[PDB]
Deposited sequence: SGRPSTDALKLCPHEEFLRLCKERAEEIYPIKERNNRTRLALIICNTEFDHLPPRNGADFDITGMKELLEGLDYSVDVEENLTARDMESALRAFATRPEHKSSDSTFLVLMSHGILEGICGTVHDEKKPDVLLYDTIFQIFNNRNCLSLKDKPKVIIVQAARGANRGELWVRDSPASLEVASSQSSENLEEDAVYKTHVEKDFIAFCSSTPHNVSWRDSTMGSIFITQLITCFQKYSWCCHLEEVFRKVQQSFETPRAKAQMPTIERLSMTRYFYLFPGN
């Protein structure tokens, strides 16, 4: 229904008592949080993803309620998806932000998400590794030490340097095969609305996952992947 807000006194108490345990929050009047939604709905060689407008609308409204300015991209090839991500990573607003969200919705394979022109004979794929590399501690200094939340809906889904430089990420992934709004996005929005005022990000994700704890829904439970957060991320909605 509505995003429940965190009382300002609870925000202050938690930020004072648990300051070393949670990501710091920039004050609301000097803050310029950005979020990005990429959604592919029409493909040259894949079924359409109808009702995506409802998922986009819901996620945009949720993120704006969480005080993110939302850029929406639709129906891009893998090349253009990577371009959009690099452009977003260089935005100067991130300097005066405390965090970001990246929401990706398309068909997917194991290694990444499909662009609009993807075919099995001529693949068009944005690799997940590319996403994490674009925003890592070397390549995105303005988001360094800040939580980078990647929400992925992709139907039909040395490393020591990677472990050192890819920090403060979390990915929340649904790979439910295709067939209004999608179940994963609806549950995600409901749990943020009901719980983000009191629980940190991973507790919200766990409430989402618990909603799939039934015999017939368990196979579709979204997964937390590539977790490298060093603190807990409280959103303090309304603050």
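Where C-alpha coordinates are absent, the deposited sequence of this PDB chain has the segments 1-6, 164-191, 214-220.
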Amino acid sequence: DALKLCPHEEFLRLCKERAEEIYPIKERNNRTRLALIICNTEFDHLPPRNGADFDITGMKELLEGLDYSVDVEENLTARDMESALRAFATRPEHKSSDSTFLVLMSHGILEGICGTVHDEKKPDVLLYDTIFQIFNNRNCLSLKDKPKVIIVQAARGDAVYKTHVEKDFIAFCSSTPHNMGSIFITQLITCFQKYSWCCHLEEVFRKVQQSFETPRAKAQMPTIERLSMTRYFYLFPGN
From here on, numbers count along this sequence of modelled residues.
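Checked against the other entries of this protein, residue 158 counts as unresolved in at least one third of those spanning it. Higher mean CA temperature factor, per the PDB entry, when comparing 121-129 with 87-95: 121-129. As the entry records it, the average C-alpha temperature factor is higher for 168-176, out of 58-66 and 168-176. Among 72, 140, 81, 105, the highest C-alpha B-factor recorded in the PDB entry belongs to 140. Of all the options 33, 200, 45, 206, the entry's greatest CA B-factor is assigned to 45. Among the modelled residues of its chain, residue 100 has a C-alpha B-factor that falls in the lowest third, as given in the PDB entry.
When all modelled residues of the chain are sorted by CA temperature factor, residue 16 is found within the highest third. Residue 144: CA B factor in the middle third of modelled residues in this chain (values from the PDB entry). Ranked within its chain, residue 22 lands in the lowest third, by CA B factor from the PDB record. In this PDB entry, residue 193 carries a Cα temperature factor that places it within the lowest third of its chain's modelled residues.
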